[PDB]
Amino acid sequence: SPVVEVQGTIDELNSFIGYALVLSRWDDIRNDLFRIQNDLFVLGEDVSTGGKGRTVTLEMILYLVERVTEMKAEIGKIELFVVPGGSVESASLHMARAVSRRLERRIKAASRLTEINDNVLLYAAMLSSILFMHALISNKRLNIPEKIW
Amino acid sequence: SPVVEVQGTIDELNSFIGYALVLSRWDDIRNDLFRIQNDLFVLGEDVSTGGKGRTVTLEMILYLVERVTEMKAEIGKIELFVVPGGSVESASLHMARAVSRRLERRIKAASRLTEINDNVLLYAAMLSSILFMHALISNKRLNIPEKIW
Amino acid sequence: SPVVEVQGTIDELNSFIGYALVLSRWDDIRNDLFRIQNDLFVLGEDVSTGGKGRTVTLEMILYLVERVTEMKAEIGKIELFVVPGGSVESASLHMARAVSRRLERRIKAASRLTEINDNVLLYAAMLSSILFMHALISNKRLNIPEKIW
Amino acid sequence: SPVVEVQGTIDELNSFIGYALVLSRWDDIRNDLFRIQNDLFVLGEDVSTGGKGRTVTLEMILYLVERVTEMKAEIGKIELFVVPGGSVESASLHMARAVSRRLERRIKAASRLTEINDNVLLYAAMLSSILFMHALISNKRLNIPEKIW
Amino acid sequence: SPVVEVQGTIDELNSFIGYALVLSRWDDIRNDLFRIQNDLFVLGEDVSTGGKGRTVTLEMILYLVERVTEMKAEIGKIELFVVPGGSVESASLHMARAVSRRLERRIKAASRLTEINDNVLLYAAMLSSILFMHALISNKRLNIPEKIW
Amino acid sequence: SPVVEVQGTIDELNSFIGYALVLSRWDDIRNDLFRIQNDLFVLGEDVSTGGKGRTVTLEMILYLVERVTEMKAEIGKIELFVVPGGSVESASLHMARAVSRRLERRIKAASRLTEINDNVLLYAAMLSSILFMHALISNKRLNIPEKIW
Amino acid sequence: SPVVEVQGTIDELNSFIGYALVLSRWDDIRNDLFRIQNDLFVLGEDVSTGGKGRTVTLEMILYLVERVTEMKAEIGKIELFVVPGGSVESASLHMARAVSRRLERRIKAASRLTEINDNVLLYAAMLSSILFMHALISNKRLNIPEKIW
């Protein structure tokens, strides 16, 4: 039942990814988001069945980790307090990642209430990180230097 | 007071419809969303006055039901676990419908707390359904075949 | 800890401003939103340090008040129950202001729980008002007369 | 048996933390490393019993995540290709984190061979990250500005 | 050829002993490590010549056994899962002994591949034990009571 | 992928240089190690891009050769089987050079597997040599005559 | 054209090796010099074709490195400022290695002028080193202890 407010936020996020995906131009970015959208579905079933069904695997989170590390190299010095937006695609991704931070904080509650896989939460945490990286990457690749606070 | 968090989500939704409406190209879709935006206003007053004022009528929900049934015919086999987005208009509508599922789950709480019309909740439930149908319809009409999980 | 759900909504809002900023064409509007985005950051630190650090100053809220009063003059009779959207920029701003009303209602909770500056809440309240004004202003300046309920 | 080469690297790491801990002056840093040293022990048993015994919990990794996020704020713009060392404590921590990257790459092999908890690997990954943060933090707090490549 | 990865670890260890030796204050400890450093050299030739040359003698391992037994008396109850470090000298020795466990596990592989004296492996095993004893002894003699898991 | 175990050892080495650099007192030595630390970075990119990017140049290895030849003159008769350590700086450098021999033996494997520049391996070989010279030089300059086997 | 003065010195060296080869008694030494004489030929073609043809491979230089390291063990403390000669074979090799230092300093010029493989120069550098080792080895094996300056 309060785990129902978790799934709602999952599809609320899938909707925000869905928008930032049609928006983004980069093939790598697009494929990451498509895979993320399918993993969001696996993440839904891992809460509903509560581990019984399609469990959120380590290999899924590691692909997020890999991409985070690979894209990190393009940006170089990743800044703190980066004023969101600038590019349309960057702004669209910042909106999806904000909802990702909104998801993990909804999961943390349902984690306290009923049993749910640790991987679900880790994946959500990771998703925020990977989503921020695409919004910096969309900006460098468009030559729109990010305005820092 | 916790019914104040219900109205906030109503206008948060009206804002998301408002975006998907300027976005969508189809006249039918646009008119449905305009009517939905005005019904959202009636839905606001039906919580505030708590039935005293402009009650959310059956005829309002039935127009949603009618459109759902009419559009259903265009899509044919409506799929399960349809990865959201693809088209800009479709993605924009998926975002508005996600917030619609976010509204009815906020109403369900205020329903438990203080008295509010049953129609308000039914309308919200129906709104999610009608909003999904426009995002499938925007996709077929744009010949962007939906990617299913 | 429930103050962590406040910051999340702050950056969730910063993301929505960020989108409406790249979207809006007007220089005045853009600069207001940029300043608002930086003030959102000051607003973050004023919750975290709980007044210890960079306090949200009166002068910050007064700049919002000034702009509200200056833009008010352009619209003239500001209407009640204005159906959101019409213009792309107007719809984008209505979405950001809806989240602003979502922020102050999250702050009101954390206000009851732990100590946080009164200015933080006042600023959020003011932000909703200033954000509505830009979505009316984008509409008059684009000659898209707002549809009232 | 090739899982025996994993434990060896765990205590080889515990030894490197042990050195950087007596070395570091900061109380926060010291306590993180002490807790990390005890978690390394839990991490040992989670490989040996292969989940049967003292499993490496989510809450353990989340404390690493929390510290990473809290310390991140002190450094601000965390740079890429930061030439290691400068301070004695910073150099000592860089050596321990290098061995941490050496541990997770030993785990990844034993992960392919026999069953071992996903958390074990995630914890190791996280440990590299948290260990880098202490070596940047030791540097800012000592006012030894890091030389970037 | 894979026996070349054995020698590398021998001098990698000699380097770690070399550091813990300049570090340690105790004359007995220092002399043990010096002798250990010279025996490491004999141990190198016993792999290279593969028994032909300077064989690793029983008397060499027995001196390690003697010291282990003599120092054992000073510590009394030698604890299990002793969190490494505390003292600078103790931490430095724990690092050298960790590499000693790293050496015998490299030897065990080269033992399976080509012929090498049994004493070489026994000596390495013994070396880990004697190296742990110095890191407990440095701690009691400095009155830094070891923190046990 | 097994080339990933090569980079890990590169930064594991950079960490050991980093320590021996803060440790060493001599300006020449320090500058050599700083340059070596930056060349280690070039060496990383020459494996990752596999020659595509920042190739490890001849001129880089020749600067190592030059220093080896210049420092050689100070020591005079460079001895065989020199028991490592004596000085703190000398011991610290012996540890870094031991890891350098550990790096080239990791490269030799990745050389057999996938294509990587010959210069990368030559540089690593050279690095062991130059690192030994600093640990003899730290000793003569401190008047700590090296104990030979 | 100034690369023609490089080849002349190559065959001028091959002639000096040729003499020291008939001169030397040791089978190992003889085979090294024969291989060196054939590698000198490969080294000729690598300048003429300028990399197009038979490139001077890493494996060639590594065989020189291997022999240098293997013979190093026989001499032990290799001295500085070793007065050349003593034995006929030693004197003959010192003459060939002097010309080898004469070759690399001719290559360094042609390196500045036109493109030539880095390996060519490295090989020449290495050749001087390997040639010195044979002249020390001829001396120990003949029991003619070298007179040092």
# chains A, B, ... in the order shown; residues from 1 in each chain; ligands from 1
>>> residues_around(residues="residue 42 of chain D", least_positions_apart="4", cutoff="8 Å", atoms="only C-alpha atoms", output="ChimeraX atom specification")
/D:38,46,54-56
>>> write_last_selection(atoms="C-alpha atoms", output="compact mmCIF listing (two decimals), in the first residue's frame")
# COMPACT_ATOMS: atom_id res chain seq x y z
CA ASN D 38 35.31 -3.25 10.85
CA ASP D 46 30.36 -12.44 3.65
CA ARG D 54 27.31 -11.85 8.61
CA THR D 55 25.99 -10.41 5.32
CA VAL D 56 27.30 -7.02 4.09
>>> residues_around(residues="segment 100-102 of chain B", least_positions_apart="6", cutoff="8 Å", atoms="only C-alpha atoms", output="list in words")
residues 5, 8 and 9 of chain A; 9, 13, 124, 125, 127 and 128 of chain B
>>> closest_atom_pairs(of="chain F", to="chain G", cutoff="12 Å", atoms="only C-alpha atoms", output="Markdown table")
| residue | atom | partner | partner_atom | distance |
| --- | --- | --- | --- | --- |
| F:56 | CA | G:118 | CA | 11.0 |
| F:57 | CA | G:118 | CA | 8.4 |
| F:58 | CA | G:118 | CA | 6.0 |
| F:59 | CA | G:118 | CA | 9.1 |
| F:60 | CA | G:118 | CA | 11.3 |
| F:61 | CA | G:122 | CA | 9.4 |
| F:62 | CA | G:122 | CA | 8.9 |
| F:65 | CA | G:125 | CA | 9.5 |
| F:66 | CA | G:125 | CA | 11.5 |
| F:69 | CA | G:80 | CA | 11.0 |
| F:71 | CA | G:80 | CA | 11.8 |
| F:72 | CA | G:80 | CA | 8.2 |
| F:73 | CA | G:80 | CA | 7.6 |
| F:74 | CA | G:80 | CA | 9.9 |
| F:75 | CA | G:80 | CA | 8.6 |
| F:76 | CA | G:80 | CA | 5.1 |
| F:77 | CA | G:79 | CA | 4.2 |
| F:78 | CA | G:77 | CA | 6.1 |
| F:79 | CA | G:77 | CA | 4.2 |
| F:80 | CA | G:76 | CA | 5.1 |
| F:81 | CA | G:76 | CA | 7.9 |
| F:82 | CA | G:77 | CA | 9.6 |
| F:108 | CA | G:59 | CA | 11.1 |
| F:111 | CA | G:58 | CA | 10.8 |
| F:112 | CA | G:59 | CA | 11.6 |
| F:116 | CA | G:58 | CA | 11.3 |
| F:117 | CA | G:58 | CA | 9.4 |
| F:118 | CA | G:58 | CA | 6.0 |
| F:119 | CA | G:58 | CA | 8.5 |
| F:120 | CA | G:58 | CA | 10.8 |
| F:121 | CA | G:58 | CA | 9.0 |
| F:122 | CA | G:58 | CA | 8.5 |
| F:123 | CA | G:122 | CA | 11.2 |
| F:125 | CA | G:65 | CA | 9.5 |
| F:126 | CA | G:65 | CA | 10.8 |
| F:129 | CA | G:69 | CA | 11.7 |
| F:148 | CA | G:77 | CA | 9.7 |
| F:149 | CA | G:76 | CA | 10.4 |
>>> write_last_selection(atoms="N, CA and C atoms", output="short mmCIF file (atom, residue, chain, number, x, y, z; two decimals), in the first residue's frame")
data_model
loop_
_atom_site.label_atom_id
_atom_site.label_comp_id
_atom_site.auth_asym_id
_atom_site.auth_seq_id
_atom_site.Cartn_x
_atom_site.Cartn_y
_atom_site.Cartn_z
N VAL F 56 52.96 7.68 -25.73
CA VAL F 56 54.12 7.74 -24.86
C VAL F 56 55.29 7.88 -25.81
N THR F 57 55.91 9.06 -25.78
CA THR F 57 56.97 9.43 -26.69
C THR F 57 58.34 8.99 -26.25
N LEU F 58 59.25 8.89 -27.22
CA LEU F 58 60.64 8.52 -27.00
C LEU F 58 61.31 9.53 -26.09
N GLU F 59 61.03 10.81 -26.34
CA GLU F 59 61.60 11.90 -25.57
C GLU F 59 61.30 11.74 -24.11
N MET F 60 60.13 11.17 -23.75
CA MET F 60 59.79 10.93 -22.35
C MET F 60 60.73 9.92 -21.73
N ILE F 61 60.97 8.79 -22.43
CA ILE F 61 61.85 7.75 -21.90
C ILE F 61 63.31 8.22 -21.84
N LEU F 62 63.68 9.05 -22.79
CA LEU F 62 65.03 9.55 -22.82
C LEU F 62 65.34 10.47 -21.67
N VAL F 65 66.31 8.13 -19.02
CA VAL F 65 67.64 7.62 -19.34
C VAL F 65 68.69 8.64 -18.92
N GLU F 66 68.45 9.93 -19.24
CA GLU F 66 69.35 11.03 -18.91
C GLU F 66 69.56 11.12 -17.42
N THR F 69 71.61 8.18 -16.04
CA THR F 69 73.02 8.39 -16.34
C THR F 69 73.65 9.48 -15.48
N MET F 71 72.61 10.64 -12.37
CA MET F 71 72.65 10.22 -10.97
C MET F 71 73.64 9.10 -10.73
N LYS F 72 73.88 8.28 -11.75
CA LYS F 72 74.79 7.12 -11.74
C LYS F 72 76.17 7.55 -11.26
N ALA F 73 76.57 8.75 -11.70
CA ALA F 73 77.83 9.41 -11.45
C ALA F 73 78.04 9.74 -9.99
N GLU F 74 76.96 9.99 -9.26
CA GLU F 74 77.02 10.35 -7.85
C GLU F 74 77.32 9.13 -6.97
N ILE F 75 76.69 7.98 -7.30
CA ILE F 75 76.81 6.71 -6.58
C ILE F 75 78.13 6.02 -6.90
N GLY F 76 78.54 6.08 -8.16
CA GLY F 76 79.76 5.41 -8.60
C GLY F 76 79.47 3.94 -8.76
N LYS F 77 80.21 3.05 -8.04
CA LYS F 77 79.94 1.61 -8.11
C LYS F 77 78.54 1.27 -7.55
N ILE F 78 77.60 1.08 -8.47
CA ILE F 78 76.25 0.69 -8.08
C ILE F 78 76.32 -0.82 -7.82
N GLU F 79 75.97 -1.22 -6.59
CA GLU F 79 76.04 -2.60 -6.14
C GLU F 79 74.86 -3.46 -6.55
N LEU F 80 75.08 -4.78 -6.52
CA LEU F 80 74.10 -5.83 -6.80
C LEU F 80 73.62 -6.31 -5.43
N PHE F 81 72.38 -6.80 -5.36
CA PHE F 81 71.75 -7.31 -4.15
C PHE F 81 71.94 -6.34 -2.97
N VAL F 82 71.47 -5.13 -3.18
CA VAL F 82 71.50 -4.08 -2.17
C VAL F 82 70.27 -4.24 -1.28
N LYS F 108 53.38 -6.68 -19.63
CA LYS F 108 53.80 -7.83 -20.43
C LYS F 108 52.66 -8.82 -20.74
N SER F 111 50.24 -7.01 -23.13
CA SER F 111 50.97 -6.85 -24.38
C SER F 111 50.66 -8.06 -25.24
N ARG F 112 50.62 -9.26 -24.63
CA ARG F 112 50.32 -10.54 -25.28
C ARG F 112 48.87 -10.62 -25.69
N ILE F 116 49.18 -2.71 -27.60
CA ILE F 116 49.61 -1.58 -26.79
C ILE F 116 51.01 -1.21 -27.15
N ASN F 117 51.29 0.09 -27.15
CA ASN F 117 52.58 0.64 -27.52
C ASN F 117 53.74 0.08 -26.74
N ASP F 118 54.78 -0.21 -27.49
CA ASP F 118 56.05 -0.74 -27.04
C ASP F 118 56.68 0.23 -26.06
N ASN F 119 56.56 1.54 -26.35
CA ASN F 119 57.07 2.61 -25.51
C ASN F 119 56.51 2.51 -24.12
N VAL F 120 55.21 2.13 -23.96
CA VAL F 120 54.56 1.98 -22.64
C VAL F 120 55.37 1.02 -21.76
N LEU F 121 55.72 -0.14 -22.33
CA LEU F 121 56.48 -1.15 -21.63
C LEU F 121 57.92 -0.70 -21.33
N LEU F 122 58.57 -0.08 -22.32
CA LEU F 122 59.93 0.44 -22.19
C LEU F 122 59.97 1.47 -21.10
N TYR F 123 58.95 2.34 -21.04
CA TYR F 123 58.87 3.39 -20.05
C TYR F 123 58.78 2.80 -18.69
N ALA F 125 59.80 -0.21 -17.74
CA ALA F 125 61.07 -0.85 -17.45
C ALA F 125 62.05 0.18 -16.92
N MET F 126 62.09 1.32 -17.62
CA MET F 126 62.95 2.44 -17.31
C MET F 126 62.63 3.08 -16.00
N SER F 129 64.26 1.37 -12.99
CA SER F 129 65.67 1.73 -12.98
C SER F 129 65.86 3.12 -12.35
N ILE F 148 74.89 -4.27 1.59
CA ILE F 148 74.83 -5.20 0.46
C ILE F 148 74.77 -6.65 0.91
N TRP F 149 74.06 -7.51 0.16
CA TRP F 149 73.97 -8.93 0.49
C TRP F 149 75.28 -9.66 0.19
#
>>> residues_around(residues="segment 16-22 of chain F", least_positions_apart="6", cutoff="9 Å", atoms="only C-alpha atoms", output="PyMOL selection string")
(chain D and resi 83-88+90-92+94-95) or (chain F and resi 29-31+33-34+36-37+88-97+99+131)
>>> select_by_dssp(residues="segment 39-128 of chain A", states="alpha helix (DSSP H)", output="JSON, numbers by chain")
{"A": [39, 40, 41, 42, 43, 44, 45, 46, 47, 48, 58, 59, 60, 61, 62, 63, 64, 65, 66, 67, 68, 69, 70, 71, 72, 73, 74, 75, 88, 89, 90, 91, 92, 93, 94, 95, 96, 97, 98, 99, 100, 101, 102, 103, 104, 105, 106, 107, 108, 109, 110, 111, 112, 113, 118, 119, 120, 121, 122, 123, 124, 125, 126, 127, 128]}
>>> atom_distance(atom1="atom CA of residue 142 of chain A", atom2="atom CA of residue 146 of chain B")
28.8 Å
>>> atom_distance(atom1="atom CA of residue 67 of chain D", atom2="atom CA of residue 105 of chain C")
29.3 Å
>>> atom_distance(atom1="atom CA of residue 143 of chain D", atom2="atom CA of residue 53 of chain C")
22.0 Å
